[PDB]
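One structure is given here, and the rest of the page talks about it.
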Amino acid sequence: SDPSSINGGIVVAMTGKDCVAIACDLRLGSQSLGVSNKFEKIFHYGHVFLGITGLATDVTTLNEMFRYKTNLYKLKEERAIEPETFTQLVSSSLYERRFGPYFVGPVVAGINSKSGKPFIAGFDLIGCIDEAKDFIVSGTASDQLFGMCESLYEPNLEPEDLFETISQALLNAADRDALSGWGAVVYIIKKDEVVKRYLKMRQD
Amino acid sequence: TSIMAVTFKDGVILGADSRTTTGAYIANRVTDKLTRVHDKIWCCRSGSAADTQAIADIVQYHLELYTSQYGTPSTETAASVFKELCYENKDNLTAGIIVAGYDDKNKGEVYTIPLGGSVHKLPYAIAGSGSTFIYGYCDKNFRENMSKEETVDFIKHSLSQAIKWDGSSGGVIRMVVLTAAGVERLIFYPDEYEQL
Amino acid sequence: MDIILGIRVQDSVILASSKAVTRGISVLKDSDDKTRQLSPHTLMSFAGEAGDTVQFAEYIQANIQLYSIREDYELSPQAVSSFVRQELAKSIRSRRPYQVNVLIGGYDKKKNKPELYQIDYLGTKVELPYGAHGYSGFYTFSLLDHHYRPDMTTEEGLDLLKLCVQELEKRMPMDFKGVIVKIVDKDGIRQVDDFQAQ
Amino acid sequence: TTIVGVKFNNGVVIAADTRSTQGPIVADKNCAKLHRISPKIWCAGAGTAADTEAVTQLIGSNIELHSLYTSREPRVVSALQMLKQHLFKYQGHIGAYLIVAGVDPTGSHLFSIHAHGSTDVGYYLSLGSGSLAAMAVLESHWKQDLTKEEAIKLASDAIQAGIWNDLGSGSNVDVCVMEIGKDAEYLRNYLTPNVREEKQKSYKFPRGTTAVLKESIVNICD
Amino acid sequence: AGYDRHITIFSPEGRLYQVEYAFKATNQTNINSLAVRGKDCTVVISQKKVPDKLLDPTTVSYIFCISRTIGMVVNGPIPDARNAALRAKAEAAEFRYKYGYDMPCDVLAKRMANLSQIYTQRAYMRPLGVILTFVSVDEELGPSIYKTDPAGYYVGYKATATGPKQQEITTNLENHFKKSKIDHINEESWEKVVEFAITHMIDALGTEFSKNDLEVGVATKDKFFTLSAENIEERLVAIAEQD
Amino acid sequence: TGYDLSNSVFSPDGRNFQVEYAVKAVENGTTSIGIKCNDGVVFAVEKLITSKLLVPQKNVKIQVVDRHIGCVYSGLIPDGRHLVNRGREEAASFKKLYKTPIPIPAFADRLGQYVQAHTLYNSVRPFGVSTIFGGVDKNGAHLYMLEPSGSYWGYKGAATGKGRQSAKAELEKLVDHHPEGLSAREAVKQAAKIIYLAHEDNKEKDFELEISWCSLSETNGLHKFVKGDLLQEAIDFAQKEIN
Amino acid sequence: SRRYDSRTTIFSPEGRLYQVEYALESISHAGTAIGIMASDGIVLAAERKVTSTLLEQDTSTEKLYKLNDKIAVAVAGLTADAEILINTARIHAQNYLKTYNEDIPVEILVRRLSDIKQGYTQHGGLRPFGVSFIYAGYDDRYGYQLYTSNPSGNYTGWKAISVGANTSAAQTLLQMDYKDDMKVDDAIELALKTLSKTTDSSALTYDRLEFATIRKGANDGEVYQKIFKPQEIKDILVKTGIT
Amino acid sequence: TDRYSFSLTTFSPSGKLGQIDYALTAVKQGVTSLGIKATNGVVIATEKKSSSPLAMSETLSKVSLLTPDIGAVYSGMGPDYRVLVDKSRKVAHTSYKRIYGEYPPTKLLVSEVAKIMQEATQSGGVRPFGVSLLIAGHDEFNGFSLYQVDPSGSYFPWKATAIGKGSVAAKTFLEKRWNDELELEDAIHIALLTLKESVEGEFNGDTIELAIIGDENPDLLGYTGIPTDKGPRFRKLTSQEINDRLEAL
């Protein structure tokens, strides 16, 4: 019954030479019943991306909570928030609710408009932070991802090769996870230009 | 574990092992279970850890705020501030606590605040998981008012067996003598109490 | 549980909702309307826990209506369902949560497009071409996966929906005492009192 | 989780592995259990992750506010009184056990607070999954007065005994040395005994392996 | 037409006289006090006038023991000073409790100069009409002396004075310190310093004192004490010849 | 003046007139005296019989606090009882915390701090009474006399009320011709005397005397009311000397 | 003498609320600001009042602010009072977005604000906002909209409005040349073609301005909101009638 | 006198809150103080006056550290400044550092402080602060900054300016010798020659309290190992560093 597995889903992020990639499946279902295949888990505030897994009603609320928050930030500092300055936020945020947590597993990922360096980060429900130079995974097929990433990952891939590696990890774990699938979408984030793509996968 | 405080000729002496277990593992084997809340007022902690520790912290606080305006406090007083906390909160506290102090007038007295905040003043008291074994000795070998040494070799033989049969208690003995002279610290290593 | 179906077609939304009401051993009624119109072009069906069910429905209805005279403008399907998910969202983490699942189907006179939102008591919202709450889905979802097309006429949808009910009857243990259908579109809401009068 | 701390002549040193668990699966392969309360005051956190990193956070911030106002360097028992006073208030529902260490204008100090607010002191402490491992490497090779290099060599040789014999701890060692009249040195990775050997095949796919359905260029600003 | 009635209204020249008047009340005390620091001690002086054969002098002081290291002297009404003496006397207790160590002189004075500021800006009460002089032997500054007033002010003094006779007791010291070119009294023991104040005060007032016309306290290496009744007669004798 | 209207306000010279007027109301009430013998003390108040319709032995002006503290005042009678009930809680909570019955010196501050307070806020009226009290604790007996500003001290014996001076000069005296603690018994006696002599300001208004005392030997540590025989004796032992 | 202007809680015999009127009077002391509607956009022009040689002004702003990503406002009056509002005005704006998951309609936001200003006019212990506002924005309900609000809490929608100093002049000139359809680049024209005439300074210098506009079309199916930079100004300023 | 200048809640017929201006008078009285923005730094200074040399002035700061990248000074009512300070150093954690894992930019602290300054106003029953501060600091995305904050709650940014008794002219002096280029050492100079005329006392190393915002001090941390944690930019010059720059005029 674990609140973090009613709805299902997965998210994964990777870093490459001057870019990052963030990907997720599309399914939202109740227990075994599949309800939707257009449920996206990746949002963005300015040039900062956040993917969220877990209890759907919380995933939605958090997006709204962060949109709200980031808009107020921009207005006050006269600039969009950065990836690190943002991670710190969603961490404190998650924690202010330490004794009635939102049941999620966020994952930030972006590029710093000043330095120009790639960034990816993960957190657990109460907000513990976690940077990594290679990859972040979260979700129901969490283990299947660690297995794929700890094989297919390669430092400094070119954005065109990163797209292939990340896709393949997502694609294959979602096939060994009974509650993740029904489509996927992947993003390739550079300093400028952001390309979004939907992939073709088994619909079972 | 094993704690006690005994009254005698000059005033009183309170001692107790160093062992503090968490399961069958020994978290610390050299603990100072003899907290001082005031110059002539000390106490030996028993029961839970974290709780007793914080009580003292508070009891001290008050006394330190007492003298500061009502002059140095008695010993009967301190044992009150102690029960007040142990009574009102008998629900979320596990404390063994034995209080002892030397007052110029009244000589030196001993009060024992057990589970429930039930206060008692006795010649001497013994609490701690290991006290269950030295009920034979302690009682049968106790003469009213001893000497500074005539007794230190009591606390030593009581605390001897306590360690000998009660796993949860051991380490090194620790005594503190509260007297007109003042505070004195003692420590009698293993190869010793076992020797007996 | 109760039956709650809904399907969006070419230019309108259709809502099906069983009519029976049961308290333990008996059936106190076989003509209950689980619907409740929030505004001229927004309709919302519901099903859930005994008391929680309509206390909530009416509450929502009251807020929308208030907003509508105040602004003199009509709130949109999208924004209406958003408000609902907000409430239910806060509800789940309160001394006692409403256990209510819903379907909102309105006509967006601004885009001239029908829209149907399905929301469950946890605050989980999603826009779909057709939906259902509770066990209602397992018996129907496959038939609709099969025949549904976005170009469908209101006239065609009903025929479809009829099939789903016929299936619900043949394989469902509970006797839901039939359904009541309602249509939402550019001209507002009307009741197909002829799926019952048939 | 596998941390220790040991003081010598002019200071104290603490070390901790860098492996966060979460069931049997590994999460962080290079974490950081060592936090800063204040320049010369550091903590080692075992147990519930978020809790320790969030509590040190707090206390730190407040002590910074304290010294400023009192115009004196942060004592170490303050940081202690603060932590265990807070830990207690929450009857152990904030599972953060840790080893606080530092040096103030009154000497060098080392403490160990458990979850419920209980605190103890000694010359060497161990907290974590492999506390019994690195506590056989301390009840054997310990002596009063130890060179800086000896203390460092011992602490890091305890952690190591945790890495190898415990499953709830591994990867690298992290160290921080606090010396009197001197600044503090943070050694992120004083060791790196584990380094995955190289793979047996390159797993890069040829461009166009993955099948795409749609593509497009999303916007950002206004 | 009442600027000076309310503790919150600024006169056209930002004055707040109620705070000002507060001060004159710190004078109707008619007691003088100077404090000087040794090299590992600190001493404060103050006269002990008891105008009634009925009042038993034991209960007639203006110097209390805040903590087991800090002492305080007050230039104001026994009611108001007795208040302040209490609050500070408690800030001490709580500070220790919340931070693990004994509270410094310099701090306690800031808690008070602050306390008597909020006390005075929010208008939750009338400002106390007294001056507080904090003395002690800090473990990061030993000979320490700080003094707060009603307007919420404070600072460090190498040795200061307070009473209806500021300047006299003051200048007299400015010329004695103008020579030694240092910022403290030199001497190995308190006993001798004490003798230095009485000595260097009678000079400014122009009057002899006995074992009841004065009152003094001193601070050692963490152990504040009030000078005995009879014992104050001692150093008074010893310095009655080495003129 | 506009400085004698509010209770918080400071006059230009740091003077709080509202408290002063408070005193004017005190030195107009009846007369109350306080004697401190060797071990324990003695109290006595002047009750004024206005008419013959006044059950005698009733309408007591002396109140005990806990069971060891005497307590008498002059001025506004209701303000009286009041200031004492507080003292009664303040007492009780203290014994409930420390076990040992409250220190007479401690007790006084509690009361001062309280009276203190009614001089701080302009929304309340300062206490309209002077209070005299004391008892025997662990450090023997003590005798204080608090007043309208919260100011107070320890005395050898004192008194307030319309006729207090005579009570004072005929009080200082007893001190001079006895420098070494008076007498348990004797105190009472001389007590009933000091009142009469002072009543000559109410002469035309027949009165009733009330005495209570507290002593480690006659009362046994507890405060008791002087009724019965010793009560008569003391009267005559004063009515005789009145001639 | 005796007047009915002592506070907000008081009606004069004729039902006037002076205190509110005086606040409405504080506006004529602010830098002129203009807002002009257009067939395709809205223009906001202001004229920095405060001045000095060494006053940073190329970075920070003082009169033009973004409330929503589709709504902007011109300030005039009490600096601090302006921020207090502007902020809440921003929070409310985001709650609407967070609840209805749509952007908040202009009139609703202007009304919410006017409704707070209204409130500080009816409750004691409160002082009305000494601010005026020119709201310029766009929503799918009524396209582009220009609104204004004063301290009294009333608001209204103009086609071209001015507030601040010399409103009479500025208002007059506009009333004259405003062509009801007038394109944007003609409003930005008329902006200065009015601000100029109603200034003082020997010459209208760029560093003394603030422009912003709201445009939209088929292209970006949405609204682009621009706040001119010191540069663009110093430039478009020359393109008109300045050397 | 009016009948409107004795209430924070009251508007004069023209529209001027009163109590505020008299509060702002206690400031235009305080001891002279200035601040100069350079291109690679910012300098803030204010004079010191001794009640008597019997008092130790080296136990009462006037140039304070709010954040290791921001410092501030004042002119007006002493005591206010002392606590207005400690409330500023907190509203700096609880309101930013504890939410974003980092210290706050110049602009926002100055506004978080004017926020506390605002409260004193809007509300009868309290009086505004009789102080006006110059806050100077620097944050990555904004370069260096200079700001003034008055009881009225408002606040503005300068390049250079002064507040206090001797300000009319000091603010006139600066106006003349300021240009976008002055390196920090120049500012530190231009400051002293302006803190010069504005005194009747003396010009030693004690009676002058000046500090400045500049380059990072990898020494003033207390630890080393973490790359990014480089150091505090705020530096309060010592009695010595001073009088040396005084000799070379």
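Numbering of chain G is taken from Swiss-Prot, so the residues present carry the numbers 3-245, in order.
Determination method: X-ray crystallography, 3.2 Å.
Using N, Cα and C of the backbone, Cβ positions are placed for all residues, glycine too.
Copied over from Swiss-Prot:
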type     : residues : note
CROSSLNK : G:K100   : ubiquitin cross-link
CROSSLNK : G:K199   : ubiquitin cross-link
CROSSLNK : G:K231   : ubiquitin cross-link
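Feature map: Swiss-Prot annotations on the structure.
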residue: G:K100; record: ubiquitin cross-link; Cβ within 10 Å: 17
residue: G:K199; record: ubiquitin cross-link; Cβ within 10 Å: 13
residue: G:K231; record: ubiquitin cross-link; Cβ within 10 Å: 11
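G:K100 (ubiquitin cross-link) sits 44 Å from G:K199 (ubiquitin cross-link), taking the CA atoms of both as reference points. In the three-state DSSP scheme, G:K100 (ubiquitin cross-link) is classed as helix.
Straight-line distance linking the Cα atoms of G:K199 (ubiquitin cross-link) and G:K231 (ubiquitin cross-link), rounded to a whole number, equals 23 Å. For the recorded site, G:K231 (ubiquitin cross-link), the DSSP three-state label reads coil.
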